[PDB]
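Chains as they are written, first to last, in the deposited numbering: chain D, 28 to 753; chain A, 28 to 753.
Below is one structure, written out as structure tokens; the observations come after it.
Number of protein chains: 2
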Amino acid sequence: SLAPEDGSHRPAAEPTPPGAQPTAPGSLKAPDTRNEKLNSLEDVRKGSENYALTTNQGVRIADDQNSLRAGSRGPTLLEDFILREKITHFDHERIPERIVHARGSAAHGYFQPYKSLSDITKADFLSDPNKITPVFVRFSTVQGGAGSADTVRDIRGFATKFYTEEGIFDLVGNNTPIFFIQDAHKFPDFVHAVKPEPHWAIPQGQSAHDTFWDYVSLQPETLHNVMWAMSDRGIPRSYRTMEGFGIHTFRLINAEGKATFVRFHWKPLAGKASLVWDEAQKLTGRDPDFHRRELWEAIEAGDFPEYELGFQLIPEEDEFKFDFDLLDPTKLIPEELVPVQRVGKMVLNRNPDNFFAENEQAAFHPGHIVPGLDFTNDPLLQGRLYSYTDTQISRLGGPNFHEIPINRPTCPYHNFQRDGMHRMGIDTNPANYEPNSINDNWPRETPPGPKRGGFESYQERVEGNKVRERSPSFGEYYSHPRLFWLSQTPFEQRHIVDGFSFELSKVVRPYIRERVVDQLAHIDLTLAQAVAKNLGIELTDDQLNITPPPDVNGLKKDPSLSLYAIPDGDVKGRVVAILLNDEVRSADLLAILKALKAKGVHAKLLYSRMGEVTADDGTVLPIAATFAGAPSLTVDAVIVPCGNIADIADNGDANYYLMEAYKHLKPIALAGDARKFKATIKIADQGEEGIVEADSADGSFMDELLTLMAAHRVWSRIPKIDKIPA
Amino acid sequence: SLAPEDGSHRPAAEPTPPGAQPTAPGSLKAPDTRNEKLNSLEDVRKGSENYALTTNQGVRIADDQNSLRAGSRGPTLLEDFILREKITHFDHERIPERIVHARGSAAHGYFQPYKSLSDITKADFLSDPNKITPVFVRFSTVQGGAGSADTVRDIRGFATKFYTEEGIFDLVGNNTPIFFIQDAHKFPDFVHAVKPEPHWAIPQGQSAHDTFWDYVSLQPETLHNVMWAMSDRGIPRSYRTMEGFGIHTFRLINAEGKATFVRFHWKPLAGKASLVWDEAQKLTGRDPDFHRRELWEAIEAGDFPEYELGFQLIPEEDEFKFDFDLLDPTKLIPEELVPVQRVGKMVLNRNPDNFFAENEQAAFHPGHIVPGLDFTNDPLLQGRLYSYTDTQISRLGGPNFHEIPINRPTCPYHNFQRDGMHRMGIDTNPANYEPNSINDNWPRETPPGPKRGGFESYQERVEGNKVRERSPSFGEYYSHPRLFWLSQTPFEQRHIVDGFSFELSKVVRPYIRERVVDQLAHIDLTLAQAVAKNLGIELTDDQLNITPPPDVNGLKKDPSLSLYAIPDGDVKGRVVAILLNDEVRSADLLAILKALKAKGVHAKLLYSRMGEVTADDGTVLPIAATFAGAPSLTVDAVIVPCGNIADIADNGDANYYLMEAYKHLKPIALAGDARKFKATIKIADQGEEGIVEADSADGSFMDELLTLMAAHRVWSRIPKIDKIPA
Ligand code: HEM
Ligand code: HEM
């Protein structure tokens with residue numbers, strides 16, 4: 028009996044706010060959250076309580092503390108089969124990480140369509156609003172290893188496996204609506220250029236290095252996705268507050284055989300929100316697991332990540348009606364021109380039990396489609412269909428990776444494939460080929476049909492010669508970067524300029540910085556000049572005279588491209604730091620905590636040490652963390668209640684807490700004598716927008732602070748933070 | 028797409044200071060630096076200039092930009108063998124990382140002994156002062172993955188492969204002189220407890236979590252290496268500035284057959300130096316590759332890492348003469364009792380060409396010894412002998428990992444082993460077994476003898492029954508942690524208190540924190556009480572009455588256990604930031620640069636933008652990085668020359684640069700009007716030890732700064748930094 032007699036070693040099996048209880052495997056934290064795929068995993072879930080410790084052959088172990096030796100100070104003997112199994116298994120724990128998207132975090136959930144889409148697709152999972160499909164979703168970064176940090180500047184992966192009654196459909200997307208390159212043949216060049224450089228393997232998690240910008244400078248097709256990565260889209264606040272996209276145009280095929288082109292979207296029901304660069308970069312040091320942690324904790328709290336699936340639909344006859352090619356994955360389809368139709372809702376409501384078994388071994392591949400969907404000739408999508416099965420062979424050990432529990436379909440699967448490493452299923456069919464008579468030809472082919480039919484490709488006409496040639500329709504590189512740029516707010520544009528400037532300052536060969544500046548001058552002169560100024564580079568008269576690229580189908584902006592132009596803020600699931608002192612005014616703390624609770628906003632009570640402190644009325648306040656232990660980077664807002672403020676007024680960490688929160692544009696609220704901290708952040712007597720202050724935390728104080736939180740950050744403070752040494 | 032006309036894309040093939048040129052593969056940067064191992068790798072080095080791009084089968088590629096398609100907008104065709112081989116290789120790039128020590132950085136070098144050691148060992152590499160042995164060295168952290176950060180708090184590995192004339196000897200050590208556990212049977216339990224927890228795979232690179240401290244609190248044999256890890260030993264400034272240790276007692280065997288017990292040491296000739304916690308932790312965010320980069324750039328600059336090999340020698344008859352067991356790897360041998368005898372010097376003088384081929388695929392294993400060395404019954408060493416060969420099998424793909432070029436011996440190797448995956452060597456021997464007559468029994472066994480003999484084990488007497496039992500002599504856990512504690516300076520003790528306090532504050536289950544504090548009360552009550560105060564824990568009367576453990580053979584302290592108690596500072600290879608303004612006083616900059624050059628200290632010129640600034644005399648100064656881009660974290664001291672100080676006096680980043688440097692105890696020097704920055708670091712006008720100030724920079728000003736840098740950090744400022752908001 029090593030557990031404490033009070034039972035405090037075990038978290039409650041009930042939703043609890045982040046930090047209230049230790050985190051736990053999903054099936055222990057939320058045993059009653061169920062779906063068909065989670066139930067199907069029961070056959071392989073292993074418990075532990077009340078069982079004897081054994082070898083893998085079932086032999087009970089008596090002494091798991093010592094090797095067998097000749098004398099208690101003697102040599103270790105070869106006959107210790109128990110030691111040898113334990114060390115052998117440990118020595119072989121690791122498998123190869125994914126080639127890209129090696130860092131990621133995953134959860135279980137379920138999807139349901141709002142209405143039947145039988146008019147446009149015969150896909151079974153979109154046929155009935157009462158049909159619930161289990162999902163497993165993995166979010167990721169792209170460049171860094173599995174041990175790299177979460178809040179880097181990067182594209183994010185958003186991969187969803189739908190366990191449908193007609194097969195697994197994997198929608199393997201990212202958080203921006205285009206990709207960097209046009210033809211899969213370039214993918215190993217692009218990935219090699221962004222990954223750490225080959226002589227020394229630096230830098231991890233960063234595109235701020237020479238070979239990335241060298242490639243970009245030489246391949247202008249990259250500039251569109253580079254604009255999105257340099258914007259605040261490249262540093263999301265959470266996986267819950269970013270958009271998802273399939274990027275490619277795919278087809279939907281209905282029961283009559285009509286094809287409609289489709290791009291897929293996910294809309295975050297929590298709203299779009301990003302960090303600012305200095306915060307993101309410092310957070311990769313103070314908590315390199317911040318997004319993984321925040322996802323798991325949201326789920327444990329009941330703040331389930333919700334997303335709405337949407338389709339952009341274009342009829343077959345309108346394939347050539349835009350200024351860009353629908354098959355070019357470096358071009359987006361502006362929502363001003365083709366709106367997103369809402370199709371269904373996905374809720375992620377349970378964490379895995381074991382990260383290696385379920386997240387690390389999961390295998391998503393965009394070739395995994397079902398009847399009712401089909402591909403197009405997008406030349407990046409076409410090359411993807413080669414890569415995902417082959418790689419999963421070396422990563423996961425052989426051709427039976429579909430039998431790893433998390434990858435298994437929940438529907439029937441039968442065929443004539445046999446053997447391979449790690450073969451689990453024991454086939455009893457007398458035949459392993461077709462056609463056969465010895466088993467009456469079963470399992471049998473199934474003709475295509477409106478429901479439960481075999482897959483048939485749409486009969487698209489192909490015409491042309493065998494060529495290695497880029498379509499001329501793909502040779503336009505600057506109009507969509509310009510559309511993105513003109514769609515951003517003025518503070519979003521400043522942050523783009525700063526992304527480019529910071530990244531190019533890390534490029535050691537100055538001529539590459541110059542070449543990138545020249546590319547920027549083909550997109551927008553204001554952007555090029557402001558980056559050039561930060562780099563100490565002067566545009567030439569030729570560069571000042573480059574004519575801007577044309578508008579996209581007559582658009583000079585599209586506000587759906589901005590994170591912030593259209594308010595969509597949601598405070599539920601956010602977190603506020605409450606900076607305590609050793610005699611807090613309990614009235615302020617009751618008002619603050621209960622207002623946050625009512626809006627589903629979490630609180631962390633911080634102090635200069637761990638333990639407890641005692642409020643004015645004798646209430647015992649438990650401390651979650653110290654000021655340095657849970658820095659302002661990890662919260663959305665900071666509130667300082669009244670009490671004995673002299674206790675913390677000269678505490679450097681408490682003062683810095685506010686200076687850092689202030690620099691990073693977060694709302695700050697100061698009650699009572701906590702308003703003495705106004706001097707630390709240089710706030711004027713009459714106050715300023717973004718700082719809430721009053722004599723007590725009562726009346727409208729918490730409503731004002733929550734209004735600031737719904738707007739995410741205090742953009743109007745940006746000119747004010749430029750000075751301030753923090 | 029070519030190179031710039033001026034040749035500025037290619038680094039000069041001569042030693043240059045960090046940042047002066049882009050870094051490059053070692054064979055290109057230093058083509059004249061040779062040793063027998065580096066030359067032997069010439070068979071597999073692949074150039075590139077002037078060569079055609081080809082497939083791996085030698086077919087020249089005409090178009091490496093496009094997949095083969097049926098029409099330029101059509102589907103990709105299966106018959107594109109060029110696309111398929113490029114994508115297939117890419118899809119299989121990754122191999123499993125090492126189970127532990129996955130994050131590491133390596134270089135080539137050479138070793139030679141100071142004098143023949145033939146009276147104590149017959150090992151050929153120690154037999155002649157003019158016989159040089161090539162080495163390859165990898166330094167590592169322990170817990171984090173290969174993409175995790177460098178300046179985490181962790182033990183560091185220090186593994187050296189010696190390519191001797193009588194076989195490869197791998198000395199696989201760490202940077203503290205003991206390990207956490209006594210018997211290899213517990214290694215998978217310990218490693219699992221420190222590694223990310225299994226449900227959610229958090230946290231990376233950190234022991235600051237429940238499972239690690241649960242294990243420590245239940246296994247007090249861990250407390251000695253925990254003390255080391257919580258001290259500033261856990262956060263080295265560079266791999267150049269830490270000690271190494273083989274940990275285990277091994278044997279030396281001379282030509283007469285006499286065995287002497289030995290422990291191995293490496294002494295850094297650059298001296299011992301560590302970061303401070305807040306600096307280390309923020310640097311994991313601002314530069315997660317800091318130690319890898321620093322090592323590479325020291326070798327490029329000619330600041331070659333040098334280390335002295337040292338042996339603590341104990342005769343066989345003195346095995347039981349201490350109050351601890353020599354075979355217990357949780358016990359150190361104090362140098363007050365057994366001096367370290369200097370044996371030789373190692374110099375690392377060339378970087379690899381390709382990180383994956385040389386660093387990632389290197390295989391070190393402590394079972395790789397040579398005649399003249401032998402093992403002992405240390406029960407941790409005994410179990411390591413099982414694990415290194417077996418793991419290198421799944422990691423490196425098969426039993427022929429010795430034929431991977433970095434792992435090959437440079438001496439002859441011939442035997443009857445055959446086949447296995449990726450077999451390179453083509454054996455011509457008609458026999459693959461012995462004894463054989465058909466090849467006259469070649470290759471033949473070789474009797475042992477004084478030189479060039481076959482390996483024979485020392486004939487140690489073994490007497491005991493077959494037991495799984497820990498030796499009673501190993502059951503003492505508190506005396507060595509106490510000796511360590513008492514040998515640290517008062518500031519180093521403060522940092523150990525802070526390291527335990529910070530870590531246990533992140534343990535969510537409070538009882539585990541209480542159980543660790545109870546263990547600390549068995550080591551030293553001052554330590555226990557200082558940690559308990561930061562955790563809001565009160566010691567019980569019983570805990571206040573625990574009797575301290577005994578002294579270690581009469582010692583009350585051993586100063587060789589401290590990083591700083593005995594001055595050993597060497598400024599060559601350190602780096603200063605120079606904060607420029609737009610009209611630098613060129614006389615100051617002249618004096619600064621001349622004094623730094625004389626001592627081998629590098630400079631980095633920083634400003635608020637990139638490009639160039641011009642000094643008062645017309646000198647054009649290229650800017651290495653912005654104040655934000657290369658923070659104070661990355662330098663050893665900060666100097667601010669005069670000039671137009673108004674240009675930077677109100678820059679928030681410039682002021683914060685000094686505040687962070689001040690909080691981190693770094694020397695700061697201010698000339699002329701730069702003294703106005705004294706106000707931001709909120710202290711004295713008469714001056715303060717640690718801040719060098721004068722009307723101009725010159726001989727006396729630079730001398731004073733350089734003396735500060737030789738002492739590493741300004742420990743006297745510690746009490747003044749808790750008030751600074753930084
Ligand atoms: C629209 C462009 C692309 C998007 C949105 C995309 C998305 C993703 C995502 C989200 C993952 C990680 C799935 C996971 O969480 O396990 C992934 C993995 C991968 N991608 Fe793609 N990708 C794209 C382009 C490509 C191209 C052109 C290729 C190669 C031809 C490729 C090869 C791979 C490979 C090798 C993996 C690792 C898969 C595995 O080990 O399971 N990707 N990609
Ligand atoms: C004194 C205690 C120990 C020290 C000093 C030690 C040192 C190290 C070092 C420095 C490396 C990294 C070598 C490299 O750079 O590639 C390493 C790797 C390894 N160690 Fe140890 N270790 C110790 C105990 C153990 C134990 C008790 C075991 C297992 C029984 C063990 C198993 C491993 C394995 C599996 C690797 C990965 C090796 C590879 O993939 O090539 N270590 N160790």
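Where is the CB? At the ideal position from N, CA and C, for every residue including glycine.
Margin query: Taking contact to mean 3 or more Cβ pairs, one atom from each stretch, closer than 8 Å, check whether the region 651-663 of chain D and the region 591-605 of chain D are in contact.
Written below: The region 651-663 of chain D, when compared against the region 591-605 of chain D, does touch it at the 8 Å Cβ threshold.
Check: Using the beta-carbon of each residue, which ones in chain A are nearer than 8 Å to D/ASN378?
Finding: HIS226, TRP227
Note to self: Quick check on D/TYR141 - is its C-beta less than 8 Å from some C-beta in chain A?
What the structure shows: no
Next item on the list: Rank A/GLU120, A/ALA681, A/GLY53 by C-alpha distance to the C-alpha of D/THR418 and give the top, closest one.
Entry: A/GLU120
Check: Name the DSSP beta bridge partners of D/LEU648, please?
Finding: D/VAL640
Check: Helix, strand or coil: which one does DSSP assign to A/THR653?
Finding: strand
Item checked: Where A/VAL489 meets chain D, residues with beta-carbon distance less than 9 Å -> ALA97, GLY98, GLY101, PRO102
Margin query: ligand 1 and D/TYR334: does the residue's C-beta get closer than 7 Å to at least one heavy atom of that ligand?
Written below: no
Notebook entry, point to check: Is it right to say residue 26 of chain D is buried, meaning 16 or more other beta carbons lie within 10 angstroms of its own, or is it exposed?
Noted result: The structure shown does not extend to residue 26 of chain D, since chain D is modelled only from 28 to 753, so the question has no answer here.
Check: In chain order, which beta strand (DSSP E) runs of at least 3 residues are fully inside the region 701-748 of chain D?
Finding: 718-721
Next item on the list: Would you mind listing the alpha helix (DSSP H) stretches within the region 476-522 of chain D that are 4+ residues and don't spill past its ends, in chain order?
Entry: 506-513
Next item on the list: Would you check if there are 3 or more beta carbon pairs closer than 8 Å linking the region 705-722 of chain D to the region 638-653 of chain A?
Entry: no
Next item on the list: Give me the Cβ distance between A/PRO398 and A/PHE338, rounded to the nearest whole Å; I'm assuming they're in contact under 8 Å.
Entry: With 8 Å as the limit, A/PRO398 and A/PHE338 do not qualify as a contact, their Cβ atoms being about 17 Å apart.
Notebook entry, point to check: Taking Cβ-Cβ distances shorter than 7 Å, what residues in chain D pair up with A/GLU496?
Noted result: In chain order: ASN93, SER99.
Check: Does the Cβ of D/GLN409 have 16 or more other Cβ atoms within 10 Å, making it buried, or fewer, making it exposed?
Finding: buried
Notebook entry, point to check: Taking three-plus beta-carbon pairs below 8 Å as touching, is the region 499-515 of chain A in contact with the region 579-586 of chain A?
Noted result: Here the region 499-515 of chain A lies against the region 579-586 of chain A, with 3 or more beta-carbon pairs under 8 Å apart.
Notebook entry, point to check: How close, in whole Å, do the beta carbons of A/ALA657 and A/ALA651 come, if the pair is a contact with beta carbons under 8 Å?
Noted result: 7 Å
Next item on the list: Report whether the distance from the Cβ of A/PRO499 to the nearest heavy atom of ligand 2 is below 7 Å.
Entry: no
Notebook entry, point to check: Which partner residues of A/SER132 appear in the DSSP bridge assignment?
Noted result: A/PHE166
Notebook entry, point to check: If you draw a straight line from the alpha carbon of A/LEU562 to that of D/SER635, how long is it in whole angstroms?
Noted result: 10 Å
Item checked: The beta strand (DSSP E) enclosing D/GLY371, as first and last residue numbers -> 368-377
Check: For A/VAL169, which residues of its own chain have a beta-carbon under 7 Å away from its beta-carbon, when the five flanking residues on both sides are left out?
Finding: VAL127, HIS128, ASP181, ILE182, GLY184
Margin query: Given the structure, does D/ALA256 come close to ligand 2, in the sense that its CB is under 7 Å from one of the ligand's heavy atoms?
Written below: no
Checklist line | Euclidean distance between Cα positions of A/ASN83 and A/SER54 | finding: Taking the straight line from one Cα to the other gives about 23 Å.
Check: Is it a yes or a no for the region 486-501 of chain D touching the region 343-361 of chain D, going by three-plus beta-carbon pairs under 8 Å?
Finding: yes
Notebook entry, point to check: For A/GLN139, which of helix, strand or coil comes out of DSSP?
Noted result: For A/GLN139, the secondary structure class from DSSP, reduced to helix, strand or coil, is strand.
Check: Cβ of D/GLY410 versus every heavy atom of ligand 4: is any distance shorter than 7 Å?
Finding: Ligand 4 is not among the ligands present in this structure, which contains only ligand 1 and ligand 2.
Check: In terms of residue numbering, what span does the alpha helix (DSSP H) encompassing D/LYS631 cover?
Finding: Careful: D/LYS631 lies outside any alpha helix (DSSP H), inside the beta strand (DSSP E) at 629-634.
Note to self: Using 8 Å for Cβ pairs, my map puts D/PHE529 next to A/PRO215. What's the rounded Cβ distance?
What the structure shows: So it is not a contact: roughly 43 Å between Cβ atoms.
Item checked: Assigned exposure category for A/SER265 - 16 Cβ within 10 Å defines buried -> A/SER265 sits buried, since 16 or more C-beta atoms from the chains shown fall within 10 Å of its C-beta.
Notebook entry, point to check: Considering only the beta carbon of each residue, do A/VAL543 and A/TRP323 sit closer than 8 Å?
Noted result: no
Margin query: When you compare the region 680-696 of chain A with the region 726-737 of chain A, are there three or more beta-carbon pairs, one atom per stretch, that lie closer than 8 Å?
Written below: yes
Margin query: Quick check: what's the CA-CA separation for D/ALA89 versus D/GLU69?
Written below: Their backbone Cα atoms lie some 29 Å apart in a straight line.
Next item on the list: Would you verify that the beta carbon of residue 15 of chain A is, or is not, closer than 8 Å to some beta carbon of chain D?
Entry: The first residue shown for chain A is 28 and the last is 753, placing residue 15 of chain A beyond what the model contains.
Item checked: Residue from D/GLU124, D/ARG111, D/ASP33 with nearest C-alpha to D/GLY424 -> Relative to D/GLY424, the option among D/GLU124, D/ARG111, D/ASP33 whose CA is nearest is D/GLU124.
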